[PDB]
> 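Here's a structure for you.
Order of appearance sets the numbers: ligands from 1, and atoms from 1 within every ligand. Keep in mind that the numbers below use all heavy atoms, side chains included, and drop hydrogens, waters and symmetry copies. Here is the naming used below: chain letters follow the sequence lines, and residue numbers restart at 1 for every chain.
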Number of protein chains: 2
Amino acid sequence: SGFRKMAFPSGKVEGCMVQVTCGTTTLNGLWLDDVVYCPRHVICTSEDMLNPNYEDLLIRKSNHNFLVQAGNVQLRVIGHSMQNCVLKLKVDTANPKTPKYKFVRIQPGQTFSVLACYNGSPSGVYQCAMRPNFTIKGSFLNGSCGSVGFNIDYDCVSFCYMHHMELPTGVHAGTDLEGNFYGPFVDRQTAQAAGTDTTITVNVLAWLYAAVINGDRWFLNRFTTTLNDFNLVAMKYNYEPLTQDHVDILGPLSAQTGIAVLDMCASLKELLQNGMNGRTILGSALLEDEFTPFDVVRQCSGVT
Amino acid sequence: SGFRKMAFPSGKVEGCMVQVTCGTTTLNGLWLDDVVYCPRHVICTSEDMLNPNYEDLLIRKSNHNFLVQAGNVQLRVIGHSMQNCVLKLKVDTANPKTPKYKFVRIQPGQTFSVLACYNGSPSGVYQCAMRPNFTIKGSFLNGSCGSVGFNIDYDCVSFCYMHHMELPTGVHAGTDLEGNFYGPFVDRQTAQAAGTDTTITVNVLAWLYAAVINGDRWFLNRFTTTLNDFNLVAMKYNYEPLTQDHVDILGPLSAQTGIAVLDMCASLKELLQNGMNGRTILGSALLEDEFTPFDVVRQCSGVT
Ligand SMILES: O=C(Nc1cncc2c1CNCC2)[C@@H]1CCOc2ccc(Cl)cc21
Ligand SMILES: O=C(Nc1cncc2c1CNCC2)[C@@H]1CCOc2ccc(Cl)cc21
């Protein structure tokens, strides 16, 4: 028992982190097979970030201008190409620690682990959610760019995020591993609006089921609701609308606990309208939305 | 910017996890150099746990009864000894992935990362605190015993915890890597009282400094207090008494923010007496005590 904000073991990803330097800019790269992936802004100076023309900036760079260091050894760069907002540096050596991997574009509301890195070295790992507005609330300092987010399914690492930018609001923005930004963001130093963020309703419900499994049951009530009535409340409290697709993925948790999805929706409705009344759920005084129904099933069953 | 409950990268520890089986009991072991460390209750059946005589139970076991599997290969056990509540299995092969390491006994209030494992395989990593009552609030299912807690300082892994038991309250108890339980616990299936738990005051103050660094400043007030007045309030709210030693370790955070330790104590006093008034600090609606002053300095500076 017990329920924690658990990250995936980061070993398979640590073995892929390298340092990439171009001119005076240094950031993190991801070495998979004979390719190193990093944010394309490694070719910019601070002044270039105001309005960069990446095609023109990259044209002035050659393979020998990209310094790639893995641990203490230097990698020989034999090719370079830009794909959307990432640079792909072809190296003459395959990473011997390359795990089985995939590049995946996650959906808003999905969770992943971030391995925060500086100078190609890992400092920490944490679990977070891709917000419905395509930002992440990470912990990233200067030099953290190129740090990646991922999920693991037994021996396969599905890379889903690469860190690029911190918005003036202190929230974070990045790309998938093909260099496409999540959200409307561009890699320029210009104030960019992240949309209205909402609470990931399906995740909160999954976390309420995780609380029932671990013994926190005070929030259970004698009521029920409909998907329509619940969504009227969710919209009022800036929660994402719950669909039958969301109800479907809550099925295993509904089965284990014997608490129907709409009954759990009624508990969530009362918590939204009345608050916690100074009480806690799984050690939190607010409604947690950073665990998906899959995360709750995985943690409660022991998937290694 | 941003502040997360960050765990240490778990790679160095993943390379040390093995599965240990003795009879019908399987749990996790820690392979360092030519020794495998695991909870001594691996030699018990469920029935034996009621009132085990470990000296007598171990006497019936020989080296060949301890099955140790690392990944897919079997390790040859050439010796066995009990040290307090851990078994040390001498193997004929040194773990080639043994990182630089130390065995350390942490103090109550200190934090560490847990690599939860099942059948010698890592499933997740999370950061937690050793409670003032020597329990931890982990996330451990059946088969998680032998999972370890640790800290990392550049290339050295200081192992501080090995998981052994879940109390009837759902909280967790374990030993240091010499097999000494943290707290008054014994490895027997008998209801055991964990003392009154308290909030780790120095950690809450460090986390308030981390909030100021990241922009959450609403809780700052025009007041100050004394160590005596503050401790009268801390005792009322079941907080640990703050000592000059605690004030001393908050020094770097006090310097960075320009907010004197007793001024931050006054903010904490008002938060204890009045609550948050429906507001959040670093995305939490309660006072977080799972970040030490060292953790806040490390995360805010970027120690890899
Ligand atoms: O956001 C950026 N980096 C950064 C990333 N993550 C955390 C932190 C920082 C910098 N301050 C400390 C915290 C850079 C600098 C600003 O101008 C731009 C513009 C576009 C892009 Cl893609 C990147 C950047
Ligand atoms: O606590 C124990 N294991 C366990 C450990 N962590 C999490 C969970 C469990 C079991 N239930 C699921 C969650 C075992 C069984 C109970 O009797 C004892 C008595 C003493 C000792 Cl050292 C160990 C144990």
Side-chain angles (χ1 to χ4, degrees), chain A residues 1-3 25 27-28 38-52 54 84-86 114 116-118 135-147 162-175 179 181 185-192 213-214 300 302, chain B residues 1-3 25 27-28 38-52 54 84-86 114 116-118 135-147 162-175 179 181 185-192 213-214 300 302:
Chain A
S1 71
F3 201 78
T25 304
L27 44 60
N28 307 284
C38 75
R40 69 175 178 172
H41 73 253
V42 65
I43 72 180
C44 305
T45 66
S46 79
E47 194 173 352
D48 285 335
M49 299 309 302
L50 305 190
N51 188 28
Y54 289 98
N84 302 308
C85 301
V86 300
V114 170
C117 298
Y118 299 88
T135 62
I136 70 164
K137 303 185 160 172
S139 175
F140 290 114
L141 305 156
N142 277 132
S144 65
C145 307
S147 300
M162 178 169 274
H163 183 58
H164 288 237
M165 178 170 81
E166 178 173 79
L167 296 190
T169 58
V171 315
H172 305 104
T175 71
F181 261 93
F185 310 111
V186 294
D187 47 358
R188 288 166 214 170
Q189 184 169 19
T190 205
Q192 292 171 51
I213 293 165
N214 291 276
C300 298
Chain B
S1 71
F3 201 78
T25 304
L27 44 60
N28 307 284
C38 75
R40 69 175 178 172
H41 73 253
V42 65
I43 72 180
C44 305
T45 66
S46 79
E47 194 173 352
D48 285 335
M49 299 309 302
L50 305 190
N51 188 28
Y54 289 98
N84 302 308
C85 301
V86 300
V114 170
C117 298
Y118 299 88
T135 62
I136 70 164
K137 303 185 160 172
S139 175
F140 290 114
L141 305 156
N142 277 132
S144 65
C145 307
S147 300
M162 178 169 274
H163 183 58
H164 288 237
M165 178 170 81
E166 178 173 79
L167 296 190
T169 58
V171 315
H172 305 104
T175 71
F181 261 93
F185 310 111
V186 294
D187 47 358
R188 288 166 214 170
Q189 184 169 19
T190 205
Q192 292 171 51
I213 293 165
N214 291 276
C300 298

> Atom 3 (N) of ligand 1: which protein heavy atom is closest, and how many Å away?
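It is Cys145(A) SG, 3.9 Å.
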
> Using the side-chain contact (heavy atoms from CB on, under 4.5 Å) rule, take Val86(A) and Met162(A) through it: C-alpha gap first, then chi angles, then the decisive distance, then the call.
CA-CA 9 Å; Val86(A) 300; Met162(A) 178 169 274; 4.2 Å; yes

> Quick test: of every protein heavy atom, which one is nearest to atom 1 (O) of ligand 1, and how far off is it to 0.1 Å?
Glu166(A) N, 3.0 Å

> Just by distance, do the side chain of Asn214(B) and the backbone of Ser1(B) share a donor-acceptor pair under 3.5 Å?
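The answer is no, because no donor-acceptor pair under 3.5 Å joins these two groups.
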
> Starting from atom 18 (C) of ligand 1, find the nearest protein heavy-atom neighbour and note its residue, name and distance.
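For atom 18 (C) of ligand 1, the nearest protein heavy atom comes out as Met49(A) CE, 4.0 Å.
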
> Could you tell me whether a side-chain N or O of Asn28(A) sits under 3.5 Å from a main-chain N or O of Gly143(A), the two making a donor and an acceptor?
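Checking the backbone N and O of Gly143(A) against the side chain of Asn28(A), a donor-acceptor pair under 3.5 Å is found.
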
> Is at least one protein non-hydrogen atom found at under 4.0 angstrom from atom 20 (C) of ligand 2?
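Looking at atom 20 (C) of ligand 2, one finds that a protein heavy atom does lie closer than 4.0 Å.
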
> With a heavy-atom distance limit of 4.0 Å, tell me whether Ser46(B) approaches ligand 2 through its side chain, its backbone, both, or neither.
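Looking at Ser46(B) and ligand 2, no heavy atom falls under 4.0 Å.
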
> Please classify the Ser144(A) to ligand 1 contact at 4.0 Å (heavy-atom distances, strictly less than): side chain, backbone, both or neither.
side chain

> Write down the atom of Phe140(A), the atom of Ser147(A), and the distance for their closest heavy-atom approach.
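Answer, listing the atom of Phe140(A) first, then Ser147(A): CE2-CB, 3.9 Å.
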
> Which one holds for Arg188(A) and ligand 1: side chain close, backbone close, both close, or neither close, with close meaning a heavy atom under 4.0 Å?
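It is the backbone that gets close, since no side chain atom is under 4.0 Å.
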
> Within 4.0 Å of atom 23 (C) of ligand 2 (strictly less), any protein heavy atom?
yes

> Closer than 3.5 angstrom, by distance alone: can the side chain of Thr25(B) be matched with the main-chain N or O of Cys44(B) as a donor-acceptor pair?
yes

> Tell me the protein heavy atom at minimum distance from atom 7 (C) of ligand 1, and give that distance in Å.
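Of the protein heavy atoms, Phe140(A) O, 3.3 Å lies nearest.
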
> Between the candidates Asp187(B), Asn142(B), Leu27(B), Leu167(B), which shows the shortest non-hydrogen contact distance to atom 11 (N) of ligand 2?
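Among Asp187(B), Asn142(B), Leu27(B), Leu167(B), the closest heavy atom to atom 11 (N) of ligand 2 comes from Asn142(B).
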
> Only counting residues at least two apart or in another chain, list the ones meeting side chain to side chain donor-acceptor pair (under 3.5 Å) with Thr169(B).
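Result, side chain to side chain donor-acceptor pair (under 3.5 Å) vs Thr169(B): none returned.
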
> Heavy atom to atom 6 (N) of ligand 2, shortest distance: which of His164(B), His172(B), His163(B), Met165(B) holds it?
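Among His164(B), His172(B), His163(B), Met165(B), the closest heavy atom to atom 6 (N) of ligand 2 belongs to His163(B).
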
> Side chains of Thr135(A) and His172(A) only: does a donor on one sit below 3.5 Å from an acceptor on the other?
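Not at all, the side chains of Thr135(A) and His172(A) share no donor-acceptor pair under 3.5 Å.
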
> What pair of heavy atoms forms the shortest contact from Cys38(A) to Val42(A), and how long is it?
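Taking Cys38(A) first and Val42(A) second, the nearest heavy atoms are SG-CG1, 3.7 Å.
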
> Please list the nearest protein heavy atom to atom 17 (O) of ligand 1 with its residue and the distance rounded to 0.1 Å.
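Ranked first by proximity to atom 17 (O) of ligand 1 is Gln189(A) CB, 3.6 Å.
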
> Using protein heavy atoms only, decide if any is under 4.0 Å from atom 14 (C) of ligand 1.
no

> Whether the side chain of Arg188(B) engages the backbone of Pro52(B) through a donor-acceptor N/O pair (distance < 3.5 Å, no angle test) should be reported.
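Flag not set: sc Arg188(B) to bb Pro52(B) has no pair under 3.5 Å.
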
